[PDB]
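**Student:** Sharing a structure below in structure tokens format, with a few things to ask.
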Amino acid sequence: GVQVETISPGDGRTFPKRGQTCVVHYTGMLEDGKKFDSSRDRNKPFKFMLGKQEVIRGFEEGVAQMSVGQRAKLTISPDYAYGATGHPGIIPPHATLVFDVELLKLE
Ligand SMILES: CO[C@H]1C[C@@H]2CC[C@@H](C)[C@@](O)(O2)C(=O)C(=O)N2CCCC[C@H]2C(=O)O[C@H]([C@H](C)C[C@@H]2CC[C@@H](O)[C@H](OC)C2)CC(=O)[C@H](C)/C=C(\C)[C@@H](O)[C@@H](OC)C(=O)[C@H](C)C[C@H](C)/C=C/C=C/C=C/1C
């Protein structure tokens with residue numbers, strides 16, 4: 001559902017716990033295509049809490065398997081992203097998404 005390829009290793013010890021707030025930087029693009037979003041450009045990190053169904057499955061599960069300081073390429077299949085519906089006006093149906101994610105801190 002989500003493939004994680006390391007860009008920079010984390011500490012390999014400190015992983016997100018259930019219900020924790022993850023602070024990340026991300027850039028999102030359609031597979032081999034258009035970049036639709038980046039938190040790095042506006043220089044403001046993205047925050048979300050696990051176990052609250054706040055983000056797409058592939059993003060949550062991608063971040064959950066990362067340790068603090070890790071940067072990774074997340075390749076997310078449509079079923080773990082926006083599926084057959086897509087995301088209105090931005091993500092088409094059946095889109096494989098690629099996210100560059102860095103886990104900055106846990107809070
Ligand atoms: C302007 O920038 C947007 C994010 C944009 C939207 C459009 C997409 C292309 C994108 O560019 O992000 C994007 O790159 C993307 O696909 N993302 C964002 C990064 C994490 C992964 C993914 C995602 O899941 O987006 C999310 C996706 C679009 C929708 C969710 C997908 C999972 C599903 O379970 C949810 O249904 C419940 C809906 C958007 C978010 O990450 C934000 C944080 C979360 C929500 C909006 C909902 O979870 C909401 O439910 C009411 C909440 O619980 C929140 C916390 C309550 C408060 C008031 C809302 C804050 C809204 C913040 C919105 C932000 C920063």
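Following the order of the structure tokens, first chain is A, next is B, and so on, with residues numbered from 1 inside each chain and ligands from 1 in the order they appear.
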Quick one: residues within 6 Å of ligand 1, with only C-alpha atoms and all ligand atoms, as a PyMOL selection string?
**Tutor:** chain A and resi 28+37+53-56+59+90
**Student:** Put those residues in a file: N, CA, C and O atoms, as a CSV table (one decimal), in the first residue's frame.
**Tutor:**
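So part-v3.csv came out as:
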```csv
chain,number,residue,atom,x,y,z
A,28,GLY,N,4.5,16.8,-1.9
A,28,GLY,CA,3.7,15.8,-2.6
A,28,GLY,C,3.6,16.0,-4.1
A,28,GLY,O,3.5,17.1,-4.6
A,37,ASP,N,1.8,20.0,-3.8
A,37,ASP,CA,1.9,20.6,-2.5
A,37,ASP,C,3.3,20.5,-1.9
A,37,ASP,O,4.0,19.5,-2.1
A,53,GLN,N,-7.5,9.2,12.0
A,53,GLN,CA,-7.9,9.2,10.6
A,53,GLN,C,-7.9,10.6,10.0
A,53,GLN,O,-8.8,11.0,9.2
A,54,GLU,N,-6.8,11.4,10.3
A,54,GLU,CA,-6.7,12.7,9.8
A,54,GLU,C,-6.1,12.8,8.4
A,54,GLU,O,-6.4,13.7,7.7
A,55,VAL,N,-5.2,11.9,8.1
A,55,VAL,CA,-4.5,11.8,6.8
A,55,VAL,C,-4.8,10.5,6.1
A,55,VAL,O,-5.2,9.5,6.7
A,56,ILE,N,-4.4,10.5,4.8
A,56,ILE,CA,-4.6,9.3,4.0
A,56,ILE,C,-3.7,8.2,4.6
A,56,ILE,O,-2.7,8.4,5.2
A,59,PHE,N,0.1,7.8,4.1
A,59,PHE,CA,0.9,8.9,4.7
A,59,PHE,C,1.0,8.5,6.2
A,59,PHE,O,2.1,8.6,6.8
A,90,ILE,N,-7.8,18.5,-7.3
A,90,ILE,CA,-6.4,18.3,-7.1
A,90,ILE,C,-5.8,17.0,-7.5
A,90,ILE,O,-4.9,16.9,-8.3
```
**Student:** Residues at most 10 Å from residue 13 (chain A), counting only C-alpha atoms, excluding those fewer than 5 positions away in the same chain, as a list in words?
**Tutor:**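 Here the answer would be residues 66, 67 and 68 of chain A.
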**Student:** Extract, using only C-alpha atoms, all DNA, RNA and protein residues at most 6 Å from residue 19 (chain A), discarding same-chain residues fewer than 4 positions from it, and format them as a PyMOL selection string.
**Tutor:** chain A and resi 49-51
**Student:** Can you work out which one of A:10, A:89, A:78, A:1 has the shortest atom-to-atom distance to residue 102 (chain A), counting only C-alpha atoms?
**Tutor:** A:10
**Student:** Could you pull out the alpha helix (DSSP H) residues of region 19-73 of chain A, going by DSSP on the backbone, and write them as a ChimeraX atom specification?
**Tutor:** /A:57-64
**Student:** Between CA of residue 9 (chain A) and CA of residue 77 (chain A), what is the distance in Å, rounded to a tenth?
**Tutor:**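 For CA of residue 9 (chain A) relative to CA of residue 77 (chain A), the distance reads 23.1 Å.
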**Student:** Hey, what's within 12 Å of residue 87 (chain A) if we count only C-alpha atoms and toss same-chain stuff fewer than 4 positions away? As a PyMOL selection string, please?
**Tutor:** chain A and resi 36+56+78+81-83+91-95+97
**Student:** Could you write out the selected residues, including N, CA, C and O atoms, as a tab-separated table (two decimals), in the first residue's frame?
**Tutor:**
```tsv
chain	number	residue	atom	x	y	z
A	36	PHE	N	1.92	18.89	-6.32
A	36	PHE	CA	0.68	19.55	-5.92
A	36	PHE	C	0.77	20.32	-4.59
A	36	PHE	O	-0.05	21.20	-4.34
A	56	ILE	N	-4.44	10.51	4.78
A	56	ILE	CA	-4.56	9.30	3.97
A	56	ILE	C	-3.73	8.16	4.56
A	56	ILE	O	-2.68	8.39	5.17
A	78	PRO	N	-3.07	4.01	-5.01
A	78	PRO	CA	-4.37	4.69	-4.92
A	78	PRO	C	-5.23	4.26	-3.73
A	78	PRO	O	-5.86	5.10	-3.10
A	81	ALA	N	-4.37	6.03	-0.73
A	81	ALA	CA	-4.45	7.48	-0.91
A	81	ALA	C	-5.91	7.91	-1.10
A	81	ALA	O	-6.72	7.75	-0.19
A	82	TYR	N	-6.25	8.42	-2.28
A	82	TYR	CA	-7.60	8.93	-2.53
A	82	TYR	C	-8.49	8.02	-3.38
A	82	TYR	O	-9.63	8.37	-3.69
A	83	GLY	N	-7.96	6.85	-3.75
A	83	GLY	CA	-8.73	5.79	-4.40
A	83	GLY	C	-9.39	6.18	-5.71
A	83	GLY	O	-8.86	7.00	-6.47
A	91	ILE	N	-6.41	15.91	-6.94
A	91	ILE	CA	-5.94	14.55	-7.19
A	91	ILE	C	-6.96	13.76	-8.01
A	91	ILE	O	-8.11	13.60	-7.59
A	92	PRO	N	-6.55	13.27	-9.20
A	92	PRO	CA	-7.44	12.47	-10.04
A	92	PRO	C	-7.71	11.08	-9.45
A	92	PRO	O	-6.93	10.61	-8.63
A	93	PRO	N	-8.82	10.45	-9.86
A	93	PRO	CA	-9.08	9.04	-9.56
A	93	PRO	C	-7.88	8.14	-9.89
A	93	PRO	O	-7.19	8.37	-10.88
A	94	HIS	N	-7.65	7.14	-9.03
A	94	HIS	CA	-6.62	6.10	-9.24
A	94	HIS	C	-5.20	6.66	-9.34
A	94	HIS	O	-4.37	6.15	-10.12
A	95	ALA	N	-4.90	7.69	-8.55
A	95	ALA	CA	-3.59	8.32	-8.58
A	95	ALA	C	-2.63	7.71	-7.56
A	95	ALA	O	-2.94	7.65	-6.37
A	97	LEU	N	0.54	8.37	-5.49
A	97	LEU	CA	1.15	9.59	-4.97
A	97	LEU	C	2.55	9.33	-4.43
A	97	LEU	O	2.84	8.27	-3.88
```
**Student:** Looking at only C-alpha atoms, which of A:32, A:107, A:5, A:100 is the one that sits closest to residue 17 (chain A)?
**Tutor:** A:107
**Student:** Please give the complete set of residues from chain A that DSSP, run on the backbone, assigns to strand (DSSP E), formatted as a VMD selection string.
**Tutor:** chain A and resid 2 to 8 21 to 30 35 to 38 46 to 49 71 to 76 97 to 106
**Student:** Compare A:96, A:70, A:39, A:65 by their minimum atom-to-atom distance to residue 6 (chain A), counting only C-alpha atoms, and give me the closest one.
**Tutor:**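 Nearest candidate to residue 6 (chain A) out of A:96, A:70, A:39, A:65: A:70.
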**Student:** From the options A:76, A:22, A:98, A:64, which residue's atoms come nearest to residue 35 (chain A), counting only C-alpha atoms?
**Tutor:**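 Residue with the minimum atom-to-atom distance to residue 35 (chain A): A:98.
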**Student:** State, in Å with one decimal place, the distance from CA of residue 11 (chain A) to CA of residue 25 (chain A).
**Tutor:**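 So the answer is 17.1 Å.
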